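Undergrad: Below you will find the structure I want to go over with you.
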Amino acid sequence: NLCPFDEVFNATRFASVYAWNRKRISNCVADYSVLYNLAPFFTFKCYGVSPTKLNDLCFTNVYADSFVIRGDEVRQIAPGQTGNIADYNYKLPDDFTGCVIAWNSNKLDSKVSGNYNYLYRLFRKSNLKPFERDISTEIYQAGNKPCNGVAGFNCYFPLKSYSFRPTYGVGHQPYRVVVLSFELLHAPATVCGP
Amino acid sequence: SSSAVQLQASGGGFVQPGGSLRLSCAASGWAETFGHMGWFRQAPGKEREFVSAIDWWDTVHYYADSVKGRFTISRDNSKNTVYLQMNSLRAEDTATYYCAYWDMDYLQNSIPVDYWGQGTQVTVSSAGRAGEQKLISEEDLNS
């Protein structure tokens, strides 16, 4: 049977980067020709594999993490990068194997009145470990005094909204990102192109 | 192998010295990164010469010395298209203009281009296309 690739790409709503989605795969054949007709222009960078020969590959697990960020920040979705997104929202490992798919979503995710529903984490006492997830909304303690759950000086809400309007520059427009990771369990498979 | 990009050009034609023209180039397909777009040109008998380039995010702009201050390269915010505004065109601007794409995040030099578009003819002169407007009035013939 066919893998639910359209459930990840053709999904109506995408999650915030601080709360990135995660779709488990199992018991299906995976052909990626569906992916090629997805956007007028999109990026398909793979780490250790090529997107063409990757149709002849077998896997035990693939994980599709999807979220929305600025076009400015797609560069941070790569091994060894730094920034608010790589450090405080979504980190890729250095030996990461898999691919990254990103395409402009202005038509879907930006509004003339401004779409403010997509958030990213701005404050964290420590950078994330590769593939770690943090959906907590605790006030960040930036100074000497405790915050008692109240926002103020040295006491900041950790999340901050994107502003997505269609008249912004492309760097500031929303981009939908999908990260494929290739996990190989010591068991048999269900990820082999026809 | 790791990219497949098509470039579609528009604009060009015949103008007079001092006039303006707007060239456009649209990118489609897939690539490794949101790379740079730009233009080359080739004068008759001469070799190809770099004109201008821009990163995908309209934050970096490169111009050849022969066009600095006269050409301006910009990007559309709703289309995957890049634009070249050509002001105060001179006779030496006459060339076939080629759109180009680099699949890089940073553009060190102009030299291993990844993709081209079909040529686009731009001619700057007072004559015009050999043939267009065959009927020349005798009054215009003298004045």
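Letters A, B, ... mark the chains of the structure tokens in the order given; residue numbers begin at 1 per chain; ligand numbers begin at 1, in order shown.
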With a distance cut-off of 8 Å and only C-alpha atoms, select the neighbouring residues of residue B:102, excluding the residue or stretch itself and same-chain residues fewer than 4 positions from it, and output the selection as an mmCIF file with C-alpha atoms, in the first residue's frame.

TA:
```
data_model
loop_
_atom_site.group_PDB
_atom_site.id
_atom_site.type_symbol
_atom_site.label_atom_id
_atom_site.label_comp_id
_atom_site.auth_asym_id
_atom_site.auth_seq_id
_atom_site.Cartn_x
_atom_site.Cartn_y
_atom_site.Cartn_z
ATOM 1 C CA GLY B 35 20.304 29.939 -4.554
ATOM 2 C CA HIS B 36 21.273 33.034 -6.507
ATOM 3 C CA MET B 37 19.729 34.327 -9.727
ATOM 4 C CA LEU B 107 28.281 33.632 -4.323
ATOM 5 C CA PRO B 112 30.584 27.645 -12.272
ATOM 6 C CA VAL B 113 26.999 28.526 -13.156
ATOM 7 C CA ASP B 114 24.487 25.740 -12.560
ATOM 8 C CA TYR B 115 21.720 26.599 -15.040
#
```

Undergrad: Could the residues of stretch 15-40 of chain A that have an atom at most 8 Å from stretch 80-90 of chain A be listed as a tab-separated table, each with its closest atom pair and the distance in Å to one decimal, counting only C-alpha atoms and ordered by chain and ascending residue number?

TA:
```
residue	atom	partner	partner_atom	distance
A:17	CA	A:89	CA	6.1
A:18	CA	A:89	CA	4.8
A:19	CA	A:89	CA	7.9
A:20	CA	A:90	CA	7.9
```

Undergrad: Could you save the residues just selected, with C-alpha atoms, as an mmCIF file, in the first residue's frame?

TA:
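again02.cif, written as the output of this step:
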```cif
data_model
loop_
_atom_site.group_PDB
_atom_site.id
_atom_site.type_symbol
_atom_site.label_atom_id
_atom_site.label_comp_id
_atom_site.auth_asym_id
_atom_site.auth_seq_id
_atom_site.Cartn_x
_atom_site.Cartn_y
_atom_site.Cartn_z
ATOM 1 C CA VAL A 17 8.386 25.245 14.839
ATOM 2 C CA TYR A 18 8.570 25.145 18.646
ATOM 3 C CA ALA A 19 5.967 22.322 18.569
ATOM 4 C CA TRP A 20 6.988 20.559 15.366
#
```

Undergrad: Could you tell me which residues of chain A sit within 10 Å of chain B when counting only C-alpha atoms, and give me the result as JSON, numbers by chain?

TA: {"A": [36, 37, 38, 39, 40, 41, 42, 43, 44, 45, 46, 49, 50, 51, 52, 53, 71, 72, 74, 75, 99, 100, 101, 102, 103, 104, 106, 107, 166, 167, 168, 169, 170, 171, 172, 173]}

Undergrad: Would you save the residues of that selection, restricted to C-alpha atoms, as a CSV table (one decimal), in the first residue's frame?

TA:
```csv
chain,number,residue,atom,x,y,z
A,36,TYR,CA,8.2,16.2,-7.2
A,37,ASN,CA,4.9,18.0,-8.1
A,38,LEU,CA,4.5,20.0,-4.8
A,39,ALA,CA,5.5,23.6,-5.5
A,40,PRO,CA,6.6,25.8,-8.4
A,41,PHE,CA,10.0,25.9,-6.8
A,42,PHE,CA,11.2,24.0,-3.7
A,43,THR,CA,14.4,22.8,-2.1
A,44,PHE,CA,15.4,19.1,-1.7
A,45,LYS,CA,18.8,18.8,0.1
A,46,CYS,CA,19.9,15.4,1.2
A,49,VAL,CA,22.2,10.3,-0.1
A,50,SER,CA,21.0,11.6,-3.4
A,51,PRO,CA,17.3,12.3,-4.0
A,52,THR,CA,17.3,10.2,-7.2
A,53,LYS,CA,18.9,6.9,-6.0
A,71,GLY,CA,12.4,31.9,4.6
A,72,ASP,CA,15.3,33.8,6.3
A,74,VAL,CA,15.5,27.7,6.3
A,75,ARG,CA,19.3,27.9,6.4
A,99,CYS,CA,16.7,15.2,3.6
A,100,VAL,CA,15.1,18.6,4.1
A,101,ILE,CA,12.1,19.8,2.0
A,102,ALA,CA,11.2,23.5,2.1
A,103,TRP,CA,8.8,25.6,-0.1
A,104,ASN,CA,7.2,29.0,0.0
A,106,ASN,CA,2.8,32.6,1.5
A,107,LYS,CA,-0.4,31.8,-0.3
A,166,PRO,CA,1.7,38.6,1.9
A,167,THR,CA,3.4,42.0,1.1
A,168,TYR,CA,6.6,41.1,3.1
A,169,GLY,CA,9.8,40.2,1.5
A,170,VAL,CA,10.4,36.6,0.7
A,171,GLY,CA,12.9,36.2,3.5
A,172,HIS,CA,10.1,37.2,5.9
A,173,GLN,CA,7.4,35.1,4.3
```

Undergrad: Within 12 Å of residue A:97, counting only C-alpha atoms, which residues qualify if same-chain residues fewer than 4 places away don't, as an MDAnalysis selection string?

TA: chainID A and resid 45:50 54 62:63 78:79 92:93 179:184

Undergrad: Report, in Å to a single decimal, how far apart atom CA of residue A:160 and atom CA of residue A:139 are.

TA: 12.2 Å
